[PDB]
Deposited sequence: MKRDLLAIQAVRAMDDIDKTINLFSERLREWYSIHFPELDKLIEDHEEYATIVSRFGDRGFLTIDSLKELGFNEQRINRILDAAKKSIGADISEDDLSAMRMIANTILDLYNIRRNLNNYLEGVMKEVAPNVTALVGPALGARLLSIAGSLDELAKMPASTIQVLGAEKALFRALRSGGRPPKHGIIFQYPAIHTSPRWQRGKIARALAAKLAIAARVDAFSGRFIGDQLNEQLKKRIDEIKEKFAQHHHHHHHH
């Protein structure tokens, strides 16, 4: 039942994301009593957690310490200055380390995502290689997730897969001007229909040819203005 397990993986990854956001709200609100300005200075949750985590108190931040995170000099100065002039409150090391329990959890969740993503790839490359050849591990598991199972996906016509539409995230689609996407999504759906079927029956790998045929048809679609 190897396809089921890949779905569970992708579903776990979504649950990690919901969570990362939940804990990041919390961390941002929480740590913000101490350093209110950092919040709007950093959009990315992983970075915010990293600061609260490795450095802690606004007064322990440094040029060197921050270059150690790939922040450019233009931004290093905004942070470090808003560290000095800071409107926020003072914090005991017990307050810091309690905030950090949440911060480090967020960091832990980021690694688990990466890890589950590698698990997702190994599996999908074995249970549905021709689907993965087309849309990649994640999207491929995601279709299965909505489909219910590989067998259930392989029983869908192209017209059904096209709406699950979610395949509209495929770069060749998402890149294209809105008018072209109808016809492109139709070509992908068509290849996915075959791809899910040779995979279901566990036949020979036609990923190369499936991709070439998609590129040809997309070019013809595109060279028709």
> Quick one: where does the model skip the deposited sequence?
Replying inline: 1, 166-184, 246-255
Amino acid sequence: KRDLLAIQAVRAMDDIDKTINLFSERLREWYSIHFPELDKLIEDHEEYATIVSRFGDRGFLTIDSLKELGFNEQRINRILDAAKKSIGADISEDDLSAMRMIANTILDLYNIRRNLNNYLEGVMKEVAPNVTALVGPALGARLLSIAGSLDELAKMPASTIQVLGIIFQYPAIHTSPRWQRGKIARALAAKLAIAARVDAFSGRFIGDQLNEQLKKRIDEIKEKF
From here on, numbers count along this sequence of modelled residues.
> What stretch has the higher average Cα B-factor here, 38-46 or 55-63?
Replying inline: 55-63
> What stretch has the higher average Cα B-factor here, 175-183 or 64-72?
Replying inline: 64-72
>> By the CA temperature factor listed in this entry, which of these ranks top: 126, 93, 108, 151?
In response: 93
> Which one of 99, 89, 116, 138 shows the top CA temperature factor in the record?
Replying inline: 89
> In terms of the CA temperature factor given in the entry, to which third of its chain does residue 188 belong: lowest, middle or highest?
Replying inline: middle
>> Quick check for you: using the entry's CA B-factors within this chain, is residue 158 in the lowest, middle or highest third?
In response: middle
> By its CA B factor, does residue 166 count among the lowest, middle or highest third of the modelled residues in the chain?
Replying inline: middle
